[PDB]
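Enquirer: Pasting a structure below so you can have a look.
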Amino acid sequence: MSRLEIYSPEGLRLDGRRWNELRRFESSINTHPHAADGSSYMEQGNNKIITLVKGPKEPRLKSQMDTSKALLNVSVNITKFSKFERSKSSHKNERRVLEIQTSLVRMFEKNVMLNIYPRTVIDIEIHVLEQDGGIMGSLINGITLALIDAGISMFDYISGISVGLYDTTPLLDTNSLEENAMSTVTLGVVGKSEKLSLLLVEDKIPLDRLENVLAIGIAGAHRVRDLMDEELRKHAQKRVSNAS
Amino acid sequence: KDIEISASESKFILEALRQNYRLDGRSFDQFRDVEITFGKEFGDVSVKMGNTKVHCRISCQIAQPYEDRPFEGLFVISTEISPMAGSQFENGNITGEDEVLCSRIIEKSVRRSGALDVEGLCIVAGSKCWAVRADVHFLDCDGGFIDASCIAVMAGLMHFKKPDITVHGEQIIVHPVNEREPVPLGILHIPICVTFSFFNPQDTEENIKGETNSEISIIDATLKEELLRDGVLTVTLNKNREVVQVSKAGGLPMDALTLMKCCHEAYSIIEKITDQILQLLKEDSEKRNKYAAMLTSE
Amino acid sequence: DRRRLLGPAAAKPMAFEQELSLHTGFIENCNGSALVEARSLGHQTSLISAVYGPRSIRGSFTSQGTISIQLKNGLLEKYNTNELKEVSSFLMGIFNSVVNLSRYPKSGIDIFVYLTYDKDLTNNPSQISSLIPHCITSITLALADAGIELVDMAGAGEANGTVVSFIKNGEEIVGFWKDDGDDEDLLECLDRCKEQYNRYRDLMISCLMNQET
Amino acid sequence: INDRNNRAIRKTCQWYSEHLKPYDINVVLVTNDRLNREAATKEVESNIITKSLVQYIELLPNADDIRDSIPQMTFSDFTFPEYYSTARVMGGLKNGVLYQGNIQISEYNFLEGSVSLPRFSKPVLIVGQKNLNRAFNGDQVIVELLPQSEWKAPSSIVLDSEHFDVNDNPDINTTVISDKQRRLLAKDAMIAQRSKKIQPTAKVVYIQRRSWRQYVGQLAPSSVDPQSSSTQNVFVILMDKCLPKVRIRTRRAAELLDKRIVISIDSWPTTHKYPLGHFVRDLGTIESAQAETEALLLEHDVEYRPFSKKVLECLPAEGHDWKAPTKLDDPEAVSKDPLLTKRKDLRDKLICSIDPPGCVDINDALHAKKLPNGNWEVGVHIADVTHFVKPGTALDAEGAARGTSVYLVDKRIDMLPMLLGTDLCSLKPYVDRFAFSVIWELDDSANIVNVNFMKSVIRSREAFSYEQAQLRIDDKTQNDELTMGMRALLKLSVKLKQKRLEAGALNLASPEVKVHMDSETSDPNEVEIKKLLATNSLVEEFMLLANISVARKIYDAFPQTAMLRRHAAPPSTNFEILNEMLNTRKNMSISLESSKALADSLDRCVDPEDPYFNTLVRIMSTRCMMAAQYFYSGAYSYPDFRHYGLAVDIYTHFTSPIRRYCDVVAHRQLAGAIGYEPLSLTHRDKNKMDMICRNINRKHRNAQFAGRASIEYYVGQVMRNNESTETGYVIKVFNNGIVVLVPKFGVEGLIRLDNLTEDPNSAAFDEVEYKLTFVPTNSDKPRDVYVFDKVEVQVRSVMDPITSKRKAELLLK
Amino acid sequence: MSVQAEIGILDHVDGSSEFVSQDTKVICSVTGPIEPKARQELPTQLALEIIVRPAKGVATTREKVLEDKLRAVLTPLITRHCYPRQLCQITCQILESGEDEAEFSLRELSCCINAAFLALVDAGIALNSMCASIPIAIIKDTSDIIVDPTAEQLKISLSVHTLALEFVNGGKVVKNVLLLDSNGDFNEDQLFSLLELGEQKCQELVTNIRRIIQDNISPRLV
RNA sequence: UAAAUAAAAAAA
Ligand SMILES: [Mg+2]
């Protein structure tokens, strides 16, 4: 048996990080060419996410076909071995998961015009291999990368972030322990703007905190967005070098 | 089944919103008055917002707690839609986009938020626990289902009383309402849900860069206004000066400033609603006994 | 459960010479049916096979027929649902060679096999393998009774957990099921099951002649 | 992992040493572990200055002044024994091996308990965590006697959960102890080692039944992180002194931190030092006046909800408009109620009620006359509650369950709906009321010639407070027939009280304090004392007379099931402690030979210098006395019907039906006895009677407890609020505290040793001389305090260094 | 037989009603004729989608029986051949049981029949005739036949009955007995004495029902 | 709905 705190007077957290550090970010494009039109493998901390974009293609049922826009579908597979303690049941039908899937759809319905691929279907399959806090933000980044890899038109990037709050000051990018310890805010940010695609608060949060917490998240998300551009451009430079 | 709306209606209502006008003759920050009616039994509450009619029923029964939580009771919220609220709804459709959202908003507002003291639902640890159930019935629809439901669940829970219990280990005699009075369920806070609908002006001319058309945002939209909105926002606030939960999935992209303004506007509404809800709980509590003072011990 | 009546969920369940009988065409609900009862020693098995088809599938462009087999637990809940699906997949791998599929284009044949009972006696100081040849016997009878064209009579046998199905008078094999048991029983099991096949075959042919007469 | 961590600490010292070399600052590793000291002594890798704790202290310049504080002198941590096997239990039971007793925990040491056993004259002691084996006060327990090598005298130290093993924290190994506790433990052990008068000690091997109800407590701030919203394992201190603290896990640790909460025990396994429980509800803040009262009624298991609607129908259709019939022979009345024919008309009599100033529920009234034959006619009238409260009704059922009215300081809890208690059954003045009346015919020497009982209608001439009656008797201006009868009552009262005391009647005393309002009805002004007037003897003597006559009558009519009340003689062991000290200190003693010798020696326990001493001893004698107990006549034989305290052969409670349930039964039995109505078969069934007595003895006790704890609560607030100074007498001396009893409020408190001195470690305790010697705070001189010493006392807010709590403790002026 | 009903209370439905007998309160809604699902389609007649929601908890097999019996009453009432290949959704939300639902479903069924009929009337759907339903029970000692029994009367009953008749000619001619659901055991003399007294109180109810229908609806018409 | 040597008496 043990006990632990949140934020020490020395400005140190349970894992050793300070109040404003992003975890290790690794990004990966075109990971499954023979399985999808677009694919991305995300590593944000201990989080490991495979994202597959299949489409635009013919619908399997003509009943479900829109002549004005493409049909966008997202299925999140949170594996039974994503956490330390293996879950006995499947999480697929869980109301918490249905809300997550619904949330993500609502977010990107306004971010892709989805008016230039009529009579087609875009299927997005996601596999969460490992989970360690901020899984929603990582899900957002995985879809954005995979969609771009598929050459599917969109207006801008959508970057996802996780916020942790203790006392006066929130902690950027929370892990499971911190998530357990304190309420968190998940932010969907469009491009380099201040506009949120997704605002998600599931636990109690003082009303004074949010304005400042939002400010920290937006600044951090911009850094994340910059990294993503670097991640793809860098890969392109590396790929070109490999070709040479 | 897809509802049919005339192109003429879509142009009329949109243009009216640019002229700060709406069909039901309301304001943009105005919320339709909420009427709360209590039935004979405790936990029976009827919420009415204009034409919108919802009914909630609170019930409980002796059950055994989960292995993971031996000190906590059980609490579930049901919001199954039916064709009674309109033929647009499929019977038992509990996986549709709007249905799952609404189900998740209520859950994050009441269940997850810990509005109900589930620890006080335990009779004997790891053995017997009360199982409170909130059943929401969507009688008819004129929009604002999420707002109606949150009011309905909370008013019901605060209304509700559970038979008094004497516990001696594993044996408990549940006193009937005849034998002794029932006990009210514990509440930690009173969450209120506000729904915001966003729109686009579609107008050629804007008078100034400094002052602009910006974005259309109304509160508690009707059925006709709900079909034409380009964005959905639901913020839950209480009288404790804190945000219970807020859910924005996609829709029309908005600034962090705009969300705050909606959040601050909603706070003035949830204050009036909470006090009003308490008042109708006070009026119904004193209502029940014609002779209660004659009745009293203390 | 809002579909059936499962009762109280806080409760718990209870905690504690080859002979054949063949009958076909006793169900008027389907196109073909069969009853198979076998008693050996202290162990006996009674199962019912129901065949529905061939019925046309709307929009189907298949140039041949489509067979679907499902095993069910009639009374005793013993075999896992996962294992029932496995045998079903094994059974369909057999009759897709047996059934003349070229005869039923744009059509489908559904086969329901109800394992109403099996009785097992075990002494104290696989399992479903023994039922497999009886399932094959039942289906082949139910298909032949229904009017479905079969290239040959399908039959099988069980020897030390090794099941192998034969057609064309044991000259060829339409299915092979080996679980556990012992090694080097390849030649032996092939000879022992071939005898069970020929025995099951003649009784199956006689069955149709009897009822048909 | 232990060696890695020690290597980690050693690496830190190594790093700091190298890091601080340019500044000429060395590092000293203070460790008692032999692994680090050996690893540094060998000096394998780097040079690290390692010193043990004691070895480091001896390097300070002031070694002497800080040395004394320092202590001088496959492994499994101690554990409680497993509960005895059922087979072992039934084998022991049959062989004569085991007995079971109700454990009463001592009131100042939660780790000492006793169990009464027939075999043994004094209570058999059960001492310590282990031998107590997770019992709670109240539990039915099976015990085994320990060998005489293990027998102990009553402990000389006080203790609670808040102040024992204060280091430990609950969770859902290695153990260590504090220096005072260590030294305190040494002193206690020494006291045990040398004491004469050790007593039978046992140990708990099983529990027959458990007294775990819902309880009330407040969290240990010391176990809670007040600024963290996480779920927390924490310690709850219960409101009862005896109970061990409880470990509960709660999401709201920080929120509940100044709340008076309710919890329930779930288990107490061998391998946990404390019971585990769980949060039930929050009654509100610890200062809240209201919540303390609700808390009080829960702790006592007293119902106070509005009377069940079901009860109301039993109440009369016409409520406050109910009226005694004008003509008893009225025909409509006689149809609506046929028993009326048997009711007597006593209205012409001059009935008056003498009740306390805020008394609205008036039980009884009295009348007098001079008969032509020279003798006097004295009669007693009591509320006819059983006319309205019928057996088998919901109203009888709620009253029977409640068993008694409960009087708190600010509240009265009724047994019956107040339509009865304060209107229709109350013997209100100037209004015809039904009543049960017993009338005597006695001579001038107050000797009873005959006595009669009947159901009657009476009209109250006047309702007095006690004082008015005394003034009307005294003045000598009013010589009307009524006043002449009142004086006749007092004259006969003196005769009856004389004979009674000569017969061996006790004269105990406990005149508790009273509270008064300002012009506002809820704004309190003063604390005073109620004075016993001669009229008070006047009401009590006739209540006693009514109750004795009634008991004889109903036992006569129903020898098997009469509702009676007995009071056992105290064993000498009850007076063992009290008697010995007085004999030693003054060579003055109180005699246990009879109740008359007890009463007379008590009377003679006088200090000429101080009047109060006699009252001190009288209140202390009251504590010793065995509980009086309701019983049905069939349960015992006649000599055991004895009321010791009252020195009468047979007694019952009749005079207060509205506020007690025993009376209701006695009333029905008397109406049965006189042929007025048949007795309900309920009160003729021994099993039902036996269950009724069990319940009402329980309700009676609980009501006394609740009564006292309301007074203690208000008085405790009041003295502090006043800043007032009040005297106290020492009735107990331990090694680490004394107990004082206060005359004005008559409420005991514990002054703890470290609230009596800034230095405890220099104190002298003498167990033979009943003496504590210490150096007071705000003073420099050694002080001797003894038992029976007049002291002065007051209340102030102390914050405990060990317990982060700041309660309002009782101190010595 | 002091029932109370309201008509046209819901906005987003073709027809609705709220029937109340004693405690038992049921609200009903009817949409139709509308486009049916393929599995619902009937080539020549109207398809009925009948849903019953309980006052507490979710719909179980119990309500599935309430739906089935309610179907037996409403089916012959509606002139279904007027709406081929079409659908009519009928939803009943029981708001208050008015009885121990763990033991009885008598009053809820009768109230659902009356409410459904009223909702069909409000919706303007072709009906062949009129209809009324009442709950009946028999006492344990007295063996009296009580029409419209209370919850307390049901507890001490030996048999419970649901009777729904089909009326024509201004509510004077019993065209047929749409539903009789008797649970319990019976004597012939009691049955016809029940039917004789029951017919009288039913006829009084129709007269009252006609009054209510005219009073509310006439102000709407010209 | 079990069960004690668990504060005498009077009025509240
Ligand atoms: Mg009195």
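The chains in the structure tokens are called A, B, ... from first to last as shown; in each chain the residues are counted from 1, and the ligands are counted from 1 in the order shown.
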Select, as a list in words, those residues of chain D with any atom no more than 6 Å from chain F (distances computed using only C-alpha atoms (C1' of nucleotides)).
Expert: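 The contacting residues on chain D are residues 102, 116, 540, 623, 625, 627 and 645 of chain D.
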Enquirer: Each residue of chain B with at least one atom at most 8 Å from chain A should appear once, together with its nearest atom pair and the corresponding distance in Å (one decimal); atoms considered: only C-alpha atoms; ordering: chain, then increasing residue number; output as JSON lines.
Expert:
```
{"residue": "B:95", "atom": "CA", "partner": "A:98", "partner_atom": "CA", "distance": 7.5}
{"residue": "B:97", "atom": "CA", "partner": "A:102", "partner_atom": "CA", "distance": 6.0}
{"residue": "B:100", "atom": "CA", "partner": "A:99", "partner_atom": "CA", "distance": 5.9}
{"residue": "B:101", "atom": "CA", "partner": "A:99", "partner_atom": "CA", "distance": 5.8}
{"residue": "B:103", "atom": "CA", "partner": "A:95", "partner_atom": "CA", "distance": 8.0}
{"residue": "B:104", "atom": "CA", "partner": "A:99", "partner_atom": "CA", "distance": 5.9}
{"residue": "B:108", "atom": "CA", "partner": "A:202", "partner_atom": "CA", "distance": 6.0}
{"residue": "B:112", "atom": "CA", "partner": "A:202", "partner_atom": "CA", "distance": 7.0}
{"residue": "B:113", "atom": "CA", "partner": "A:203", "partner_atom": "CA", "distance": 6.1}
{"residue": "B:241", "atom": "CA", "partner": "A:207", "partner_atom": "CA", "distance": 6.2}
{"residue": "B:242", "atom": "CA", "partner": "A:207", "partner_atom": "CA", "distance": 4.5}
{"residue": "B:243", "atom": "CA", "partner": "A:207", "partner_atom": "CA", "distance": 5.8}
{"residue": "B:244", "atom": "CA", "partner": "A:204", "partner_atom": "CA", "distance": 5.6}
{"residue": "B:245", "atom": "CA", "partner": "A:201", "partner_atom": "CA", "distance": 5.2}
{"residue": "B:246", "atom": "CA", "partner": "A:201", "partner_atom": "CA", "distance": 5.8}
{"residue": "B:247", "atom": "CA", "partner": "A:200", "partner_atom": "CA", "distance": 5.6}
{"residue": "B:248", "atom": "CA", "partner": "A:198", "partner_atom": "CA", "distance": 5.3}
{"residue": "B:249", "atom": "CA", "partner": "A:106", "partner_atom": "CA", "distance": 4.6}
{"residue": "B:250", "atom": "CA", "partner": "A:107", "partner_atom": "CA", "distance": 2.9}
{"residue": "B:251", "atom": "CA", "partner": "A:110", "partner_atom": "CA", "distance": 5.1}
{"residue": "B:252", "atom": "CA", "partner": "A:110", "partner_atom": "CA", "distance": 6.3}
{"residue": "B:253", "atom": "CA", "partner": "A:195", "partner_atom": "CA", "distance": 5.6}
{"residue": "B:254", "atom": "CA", "partner": "A:195", "partner_atom": "CA", "distance": 4.7}
{"residue": "B:255", "atom": "CA", "partner": "A:195", "partner_atom": "CA", "distance": 4.2}
{"residue": "B:256", "atom": "CA", "partner": "A:195", "partner_atom": "CA", "distance": 6.2}
```
Enquirer: For N, CA, C and O atoms, I'd like the residues from the last selection saved as a tab-separated table (two decimals), in the first residue's frame.
Expert:
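Dumped to out19.tsv:
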```tsv
chain	number	residue	atom	x	y	z
B	95	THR	N	-28.65	4.58	-30.07
B	95	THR	CA	-27.30	4.65	-30.62
B	95	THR	C	-27.15	5.79	-31.63
B	95	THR	O	-26.07	6.01	-32.17
B	97	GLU	N	-26.86	9.61	-33.15
B	97	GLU	CA	-25.96	10.70	-32.79
B	97	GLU	C	-26.52	11.60	-31.69
B	97	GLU	O	-25.88	11.78	-30.65
B	100	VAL	N	-27.23	9.61	-28.21
B	100	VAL	CA	-26.04	9.31	-27.42
B	100	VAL	C	-25.45	10.57	-26.80
B	100	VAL	O	-25.00	10.55	-25.65
B	101	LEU	N	-25.47	11.67	-27.54
B	101	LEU	CA	-25.02	12.95	-27.01
B	101	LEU	C	-25.83	13.35	-25.79
B	101	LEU	O	-25.28	13.58	-24.72
B	103	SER	N	-27.76	11.58	-23.93
B	103	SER	CA	-27.52	10.60	-22.88
B	103	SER	C	-26.22	10.88	-22.14
B	103	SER	O	-26.14	10.73	-20.92
B	104	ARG	N	-25.20	11.30	-22.89
B	104	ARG	CA	-23.89	11.58	-22.31
B	104	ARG	C	-23.84	12.92	-21.58
B	104	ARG	O	-23.10	13.07	-20.61
B	108	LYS	N	-22.93	13.11	-17.60
B	108	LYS	CA	-21.80	13.91	-17.13
B	108	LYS	C	-22.24	15.07	-16.23
B	108	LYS	O	-21.43	15.64	-15.50
B	112	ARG	N	-21.67	11.57	-13.27
B	112	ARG	CA	-20.24	11.83	-13.16
B	112	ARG	C	-19.92	12.99	-12.22
B	112	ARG	O	-18.93	12.96	-11.49
B	113	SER	N	-20.78	14.01	-12.23
B	113	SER	CA	-20.55	15.21	-11.42
B	113	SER	C	-20.71	14.93	-9.93
B	113	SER	O	-20.26	15.71	-9.10
B	241	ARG	N	-21.05	28.91	-8.38
B	241	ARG	CA	-20.05	29.61	-9.18
B	241	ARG	C	-18.98	28.67	-9.73
B	241	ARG	O	-17.78	28.91	-9.57
B	242	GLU	N	-19.42	27.60	-10.38
B	242	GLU	CA	-18.50	26.63	-10.96
B	242	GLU	C	-19.12	25.92	-12.16
B	242	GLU	O	-20.34	25.75	-12.24
B	243	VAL	N	-18.28	25.51	-13.10
B	243	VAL	CA	-18.74	24.80	-14.29
B	243	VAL	C	-18.82	23.30	-14.03
B	243	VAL	O	-17.81	22.65	-13.78
B	244	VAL	N	-20.04	22.77	-14.08
B	244	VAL	CA	-20.26	21.34	-13.91
B	244	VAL	C	-19.70	20.56	-15.09
B	244	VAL	O	-18.86	19.68	-14.92
B	245	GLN	N	-20.16	20.91	-16.29
B	245	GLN	CA	-19.66	20.30	-17.51
B	245	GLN	C	-20.06	21.12	-18.73
B	245	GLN	O	-21.08	21.83	-18.71
B	246	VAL	N	-19.26	21.04	-19.79
B	246	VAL	CA	-19.57	21.71	-21.04
B	246	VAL	C	-19.19	20.84	-22.23
B	246	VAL	O	-18.08	20.30	-22.29
B	247	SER	N	-20.11	20.68	-23.17
B	247	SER	CA	-19.92	19.76	-24.28
B	247	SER	C	-20.12	20.44	-25.64
B	247	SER	O	-21.24	20.77	-26.01
B	248	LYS	N	-19.02	20.64	-26.36
B	248	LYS	CA	-19.08	21.16	-27.72
B	248	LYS	C	-18.34	20.23	-28.67
B	248	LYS	O	-17.11	20.12	-28.61
B	249	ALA	N	-19.09	19.57	-29.54
B	249	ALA	CA	-18.50	18.65	-30.50
B	249	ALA	C	-18.65	19.18	-31.92
B	249	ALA	O	-19.75	19.19	-32.47
B	250	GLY	N	-17.54	19.64	-32.49
B	250	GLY	CA	-17.54	20.16	-33.84
B	250	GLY	C	-18.42	21.38	-34.01
B	250	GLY	O	-18.31	22.34	-33.25
B	251	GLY	N	-19.30	21.34	-35.00
B	251	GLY	CA	-20.18	22.45	-35.29
B	251	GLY	C	-19.41	23.68	-35.72
B	251	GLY	O	-18.25	23.59	-36.12
B	252	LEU	N	-20.06	24.84	-35.64
B	252	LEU	CA	-19.45	26.09	-36.04
B	252	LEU	C	-18.33	26.47	-35.07
B	252	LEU	O	-18.58	26.69	-33.88
B	253	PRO	N	-17.09	26.56	-35.57
B	253	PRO	CA	-15.92	26.88	-34.75
B	253	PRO	C	-16.04	28.25	-34.09
B	253	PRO	O	-16.33	29.23	-34.77
B	254	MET	N	-15.82	28.31	-32.78
B	254	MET	CA	-16.01	29.54	-32.04
B	254	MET	C	-14.83	29.88	-31.14
B	254	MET	O	-14.09	29.00	-30.70
B	255	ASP	N	-14.66	31.18	-30.87
B	255	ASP	CA	-13.57	31.67	-30.03
B	255	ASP	C	-13.78	31.27	-28.57
B	255	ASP	O	-14.90	30.95	-28.17
B	256	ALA	N	-12.71	31.31	-27.79
B	256	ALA	CA	-12.78	30.98	-26.37
B	256	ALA	C	-13.49	32.08	-25.60
B	256	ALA	O	-14.04	31.85	-24.52
```
Enquirer: Please check which protein, DNA or RNA residues sit within 10 Å of ligand 1, counting only C-alpha atoms (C1' of nucleotides) and all ligand atoms, and write them as a list in words.
Expert: residues 352, 353, 354, 355, 356, 359, 360, 361, 362, 363, 364, 365, 366, 381, 382, 383, 426, 427, 463, 464, 465, 539, 540, 543, 655 and 656 of chain D; 10, 11 and 12 of chain F
Enquirer: Please provide the set of residues having any atom within 7 Å of region 40-57 of chain C, restricted to only C-alpha atoms (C1' of nucleotides), with same-chain residues fewer than 2 positions apart removed, written as a PyMOL selection string.
Expert: chain C and resi 17-19+30-38+59-60+106-121+138-139+142-143
Enquirer: How about saving the chosen residues, N, CA, C and O atoms kept, as a compact mmCIF listing (two decimals), in the first residue's frame?
Expert:
```
# COMPACT_ATOMS: atom_id res chain seq x y z
N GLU C 17 -21.49 -52.47 -28.49
CA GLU C 17 -22.73 -52.58 -29.24
C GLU C 17 -23.27 -51.21 -29.63
O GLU C 17 -23.81 -50.48 -28.79
N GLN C 18 -23.12 -50.86 -30.90
CA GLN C 18 -23.61 -49.59 -31.41
C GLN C 18 -25.09 -49.70 -31.79
O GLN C 18 -25.49 -50.62 -32.50
N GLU C 19 -25.89 -48.75 -31.30
CA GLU C 19 -27.32 -48.75 -31.60
C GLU C 19 -27.76 -47.40 -32.16
O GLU C 19 -27.40 -46.35 -31.64
N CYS C 30 -40.45 -27.10 -41.95
CA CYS C 30 -39.35 -26.92 -42.89
C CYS C 30 -39.46 -27.83 -44.11
O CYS C 30 -40.46 -28.51 -44.30
N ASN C 31 -38.41 -27.83 -44.93
CA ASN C 31 -38.38 -28.62 -46.15
C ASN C 31 -37.86 -30.04 -45.92
O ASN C 31 -38.19 -30.96 -46.67
N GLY C 32 -37.05 -30.20 -44.88
CA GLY C 32 -36.51 -31.50 -44.53
C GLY C 32 -36.03 -31.55 -43.10
O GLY C 32 -35.44 -30.58 -42.60
N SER C 33 -36.28 -32.66 -42.42
CA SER C 33 -35.88 -32.82 -41.03
C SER C 33 -35.35 -34.23 -40.76
O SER C 33 -35.55 -35.14 -41.55
N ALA C 34 -34.67 -34.39 -39.63
CA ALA C 34 -34.09 -35.68 -39.26
C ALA C 34 -33.86 -35.83 -37.76
O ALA C 34 -33.50 -34.87 -37.08
N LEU C 35 -34.07 -37.04 -37.26
CA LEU C 35 -33.85 -37.36 -35.85
C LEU C 35 -32.83 -38.48 -35.74
O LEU C 35 -33.00 -39.54 -36.34
N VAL C 36 -31.78 -38.24 -34.97
CA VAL C 36 -30.73 -39.23 -34.79
C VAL C 36 -30.49 -39.51 -33.31
O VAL C 36 -30.21 -38.60 -32.53
N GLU C 37 -30.62 -40.78 -32.93
CA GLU C 37 -30.40 -41.21 -31.56
C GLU C 37 -29.42 -42.37 -31.54
O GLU C 37 -29.62 -43.38 -32.22
N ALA C 38 -28.35 -42.22 -30.78
CA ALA C 38 -27.33 -43.26 -30.68
C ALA C 38 -27.03 -43.59 -29.23
O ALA C 38 -26.85 -42.69 -28.41
N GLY C 59 -31.68 -10.19 -55.07
CA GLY C 59 -30.51 -9.44 -55.48
C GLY C 59 -29.24 -10.28 -55.54
O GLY C 59 -28.18 -9.78 -55.93
N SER C 60 -29.34 -11.55 -55.17
CA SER C 60 -28.18 -12.43 -55.13
C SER C 60 -27.69 -12.76 -56.54
O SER C 60 -28.48 -13.14 -57.41
N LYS C 106 -28.28 -18.34 -57.07
CA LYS C 106 -29.03 -17.25 -56.44
C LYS C 106 -29.90 -17.73 -55.28
O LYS C 106 -30.90 -17.09 -54.94
N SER C 107 -29.52 -18.84 -54.66
CA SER C 107 -30.30 -19.42 -53.56
C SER C 107 -29.43 -19.73 -52.34
O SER C 107 -28.20 -19.75 -52.42
N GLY C 108 -30.09 -19.98 -51.21
CA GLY C 108 -29.40 -20.30 -49.98
C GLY C 108 -30.10 -21.38 -49.18
O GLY C 108 -31.33 -21.44 -49.13
N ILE C 109 -29.31 -22.25 -48.55
CA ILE C 109 -29.86 -23.34 -47.75
C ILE C 109 -29.42 -23.21 -46.30
O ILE C 109 -28.23 -23.34 -45.98
N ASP C 110 -30.38 -22.97 -45.41
CA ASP C 110 -30.09 -22.83 -43.99
C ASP C 110 -30.30 -24.15 -43.25
O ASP C 110 -31.33 -24.80 -43.42
N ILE C 111 -29.32 -24.54 -42.45
CA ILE C 111 -29.38 -25.80 -41.72
C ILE C 111 -29.29 -25.58 -40.21
O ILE C 111 -28.29 -25.07 -39.71
N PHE C 112 -30.34 -25.97 -39.50
CA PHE C 112 -30.38 -25.84 -38.05
C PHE C 112 -30.27 -27.20 -37.38
O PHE C 112 -31.07 -28.10 -37.63
N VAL C 113 -29.26 -27.35 -36.52
CA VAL C 113 -29.04 -28.61 -35.81
C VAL C 113 -29.21 -28.42 -34.31
O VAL C 113 -28.37 -27.80 -33.65
N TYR C 114 -30.30 -28.95 -33.76
CA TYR C 114 -30.58 -28.82 -32.34
C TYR C 114 -30.01 -29.99 -31.55
O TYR C 114 -30.43 -31.14 -31.73
N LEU C 115 -29.02 -29.71 -30.71
CA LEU C 115 -28.46 -30.71 -29.82
C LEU C 115 -29.29 -30.73 -28.55
O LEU C 115 -28.88 -30.20 -27.52
N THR C 116 -30.47 -31.34 -28.63
CA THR C 116 -31.39 -31.32 -27.51
C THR C 116 -30.79 -32.02 -26.29
O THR C 116 -30.92 -31.53 -25.17
N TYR C 117 -30.14 -33.15 -26.52
CA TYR C 117 -29.51 -33.87 -25.42
C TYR C 117 -28.24 -34.64 -25.79
O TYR C 117 -28.08 -35.11 -26.91
N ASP C 118 -27.37 -34.78 -24.80
CA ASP C 118 -26.29 -35.75 -24.79
C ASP C 118 -26.12 -36.13 -23.33
O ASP C 118 -26.17 -35.26 -22.45
N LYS C 119 -25.93 -37.41 -23.04
CA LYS C 119 -25.75 -37.84 -21.66
C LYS C 119 -24.34 -38.36 -21.47
O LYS C 119 -23.88 -39.22 -22.23
N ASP C 120 -23.65 -37.85 -20.45
CA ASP C 120 -22.27 -38.29 -20.25
C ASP C 120 -22.09 -38.87 -18.86
O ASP C 120 -22.46 -38.25 -17.86
N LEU C 121 -21.51 -40.06 -18.80
CA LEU C 121 -21.20 -40.67 -17.52
C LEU C 121 -19.69 -40.78 -17.38
O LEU C 121 -19.02 -41.39 -18.22
N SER C 138 -27.12 -36.76 -39.27
CA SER C 138 -28.40 -36.07 -39.21
C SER C 138 -28.59 -35.12 -40.39
O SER C 138 -29.63 -35.12 -41.04
N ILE C 139 -27.57 -34.30 -40.65
CA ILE C 139 -27.65 -33.32 -41.74
C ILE C 139 -27.79 -33.99 -43.10
O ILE C 139 -28.61 -33.57 -43.92
N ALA C 142 -31.28 -35.14 -43.40
CA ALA C 142 -32.21 -34.02 -43.50
C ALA C 142 -32.12 -33.34 -44.87
O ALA C 142 -33.12 -32.85 -45.38
N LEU C 143 -30.93 -33.33 -45.45
CA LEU C 143 -30.73 -32.74 -46.77
C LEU C 143 -31.33 -33.64 -47.85
O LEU C 143 -31.99 -33.15 -48.77
```
